[PDB]
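Below: one structure, written as structure tokens.
These values consider heavy atoms only, across backbone and side chains, with no hydrogens, waters or symmetry-generated copies. Counting from 1, the numbers follow the sequence of the chain as shown. First listed ligand is number 1; within each ligand, the first listed atom is number 1.
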Amino acid sequence: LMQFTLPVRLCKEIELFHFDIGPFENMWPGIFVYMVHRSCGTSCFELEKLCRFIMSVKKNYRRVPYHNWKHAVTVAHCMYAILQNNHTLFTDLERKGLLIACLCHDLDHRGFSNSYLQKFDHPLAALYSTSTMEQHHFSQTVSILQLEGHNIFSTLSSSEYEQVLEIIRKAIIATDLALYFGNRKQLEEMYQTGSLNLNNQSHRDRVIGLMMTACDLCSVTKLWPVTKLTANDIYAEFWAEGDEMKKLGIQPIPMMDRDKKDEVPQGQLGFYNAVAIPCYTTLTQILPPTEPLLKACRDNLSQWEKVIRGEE
Ligand SMILES: Cc1ncc(C)n2nc(/C=C/c3nc(-c4cn[nH]c4)nn3C)nc12
Ligand SMILES: [Mg+2]
Ligand SMILES: [Zn+2]
Ligand SMILES: [Zn+2]
């Protein structure tokens with residue numbers, strides 16, 4: 001059969017957590033398929049269906065600065081790295097569902113937060129009162145799966161099909177950062193009282209939730225120049241939302257106010273300390289081989305400290 005292969009540098013580097021998928025948009029589908037093939041098997045999906053699914057997903061990401069098709073592939077690569085470093089811990093359905101979930105997790109994102117849609121009173125905020133964008137992302141995923149010739153899961157049974165869509169749904173909902181805090185606290189407690197048990201479905205669910213937050217936040221786990229340049233795209237969305245808040249007559253939070261550009265280094269610090277570090281710590285406790293994410297995150301915190309001290 002037809003095995004996708006990548007040039008030597010990418011073949012080697014794609015296995016590392018800190019891999020950057022590069023600026024050549026046209027290689028991103030092949031990179032993703034390569035990942036599916038190695039973490040799942042060349043047999044997981046009908047190549048033609050998979051190819052068709054990928055291109056529809058791509059077409060349904062928008063040309064926004066950060067929440068775009070490059071982000072989808074990036075988050076899916078992080079998941080690939082997690083799965084490859086924890087070979088025996090995941091079921092066949094999970095390996096299948098999770099890369100698709102990551103590719104799909106921000107489908108049709110407009111560059112605006114849940115909180116902005118609520119204040120704008122967007123129709124989606126009446127449809128989905130919490131995790132507004134995320135329930136939309138999963139809705140878009142099902143739509144795409146139901147297009148003619150796009151059903152990459154067609155060869156599973158009815159109940160395996162329902163299980164995989166259930167994995168994907170929960171994984172996608174989990175990318176709502178509002179839900180991460182309590183999820184990580186539960187996980188922390190279960191781990192430390194020794195009650196964490198991966199045969200309990202509701203525990204796996206939590207752990208897969210955490211992996212989703214880890215993959216989603218993985219720009220903070222890259223080489224410093226990648227992390228720093230990604231931060232620009234992130235803030236370009238934040239500030240556009242800030243402007244839109246001002247248009248509705250609402251002072252945005254500082255994160256989103258382009259007049260407070262100076263406080264960015266200090267805002268990154270708060271974020272690494274309140275969100276990122278806790279996230280990769282708990283993940284490393286649960287899944288030891290994901291430690292390089294924690295180590296990379298801490299290096300980047302240290303880089304933001306240097307920026308504040310004027311050394312950078
Ligand atoms: C790197 C990153 N990846 C994902 C996500 C959701 N985030 N969120 C942040 C936010 C940082 C931040 N910046 C300011 C601020 C700026 N100027 N003044 C204050 N506050 N905060 C909280 N940063 C990230
Ligand atoms: Mg999202
Ligand atoms: Zn996001
Ligand atoms: Zn995302």
Side-chain angles (χ1 to χ4, degrees), residues 17 20-21 28 32 35 57-58 60-82 97-118 120 122 124-125 127-142 144 168-181 183-184 208-222 226-227 229-242 244-245 252-253 255-256 267-268 270-272 274-276 279-280 283 293 297:
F17 285 98
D20 178 82
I21 63 178
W28 302 338
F32 182 83
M35 288 182 308
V57 170
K58 164 182 170 80
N60 285 269
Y61 272 90
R62 302 186 171 215
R63 298 213 211 64
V64 292
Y66 174 73
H67 287 101
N68 56 39
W69 167 240
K70 194 179 196 180
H71 170 68
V73 181
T74 293
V75 166
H77 161 266
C78 189
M79 181 64 68
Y80 168 78
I82 292 170
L98 291 171
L99 302 156
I100 298 301
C102 283
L103 190 71
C104 287
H105 83 285
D106 274 331
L107 264 173
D108 195 41
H109 202 284
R110 334 284 175 111
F112 295 112
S113 65
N114 283 343
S115 143
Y116 178 75
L117 266 76
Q118 266 103 81
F120 179 83
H122 189 285
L124 288 173
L127 195 31
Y128 313 116
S129 44
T130 67
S131 298
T132 305
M133 290 297 310
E134 293 73 26
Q135 303 196 54
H136 182 63
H137 306 315
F138 172 73
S139 183
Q140 293 286 282
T141 301
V142 174
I144 287 171
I168 288 149
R169 189 184 58 82
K170 286 177 205 150
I172 295 179
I173 296 319
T175 64
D176 174 6
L177 208 55
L179 304 163
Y180 150 73
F181 298 94
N183 183 57
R184 197 208 52 93
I208 289 162
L210 187 66
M211 294 169 48
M212 291 298 297
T213 308
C215 297
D216 202 17
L217 295 186
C218 76
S219 109
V220 308
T221 69
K222 300 308 178 177
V226 178
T227 294
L229 291 168
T230 307
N232 296 330
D233 302 330
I234 295 170
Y235 279 98
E237 297 200 353
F238 288 173
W239 300 332
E241 183 169 327
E244 293 298 330
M245 290 289 193
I253 66 186
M255 210 187 293
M256 293 177 187
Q268 290 299 299
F271 186 77
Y272 280 68
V275 188
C279 172
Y280 299 108
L283 186 70
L293 298 166
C297 184

Check your understanding: With a cut-off of 2.8 Å, which protein N/O/S atoms are close to the Mg ion (ligand 2), if we only count those under it?
Key -> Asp106 OD1

Point to revise | Least distance between heavy atoms, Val64 atom then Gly111 atom | key: CG1-N, 4.1 Å

Exercise for review: Indicate yes or no: at least one non-hydrogen side-chain atom of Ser115 is less than 4.5 angstrom from one of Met245.
Suggested key: yes

Check your understanding: Any idea how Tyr116 and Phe112 line up, ring-wise: parallel (<30°), tilted (30 to 60°), or perpendicular (>60°)?
Key -> tilted

Practice item. Compare all side-chain heavy atoms of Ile168 with those of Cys104 and state whether any distance is below 4.5 angstrom. Key: no

Point to revise | Polar protein atoms (N, O or S) that approach the Zn ion (ligand 3) to under 2.8 Å | key: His67 NE2

**Study point:** Under 3.5 Å side-chain donor-acceptor pair for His136 and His109
**Key:** no

Point to revise | Rounded distance [0.5 Å steps], CD1 in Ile82 versus CD1 in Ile208 | key: 11.0 Å

Review point. According to the interplanar angle, ranging from 0 to 90°, do the rings of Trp239 and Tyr235 count as parallel (below 30°), tilted (30 to 60°) or perpendicular (above 60°)?
Key: tilted

**Study point:** By side-chain contact (heavy atoms from CB on, under 4.5 Å) - contacts of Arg184 (at least two apart)
**Key:** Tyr180, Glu188, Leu210, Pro278, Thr282

Exercise for review: List for me each residue that meets side chain to side chain donor-acceptor pair (under 3.5 Å) alongside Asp233, sequence neighbours excluded, and say none if there are none.
Suggested key: none

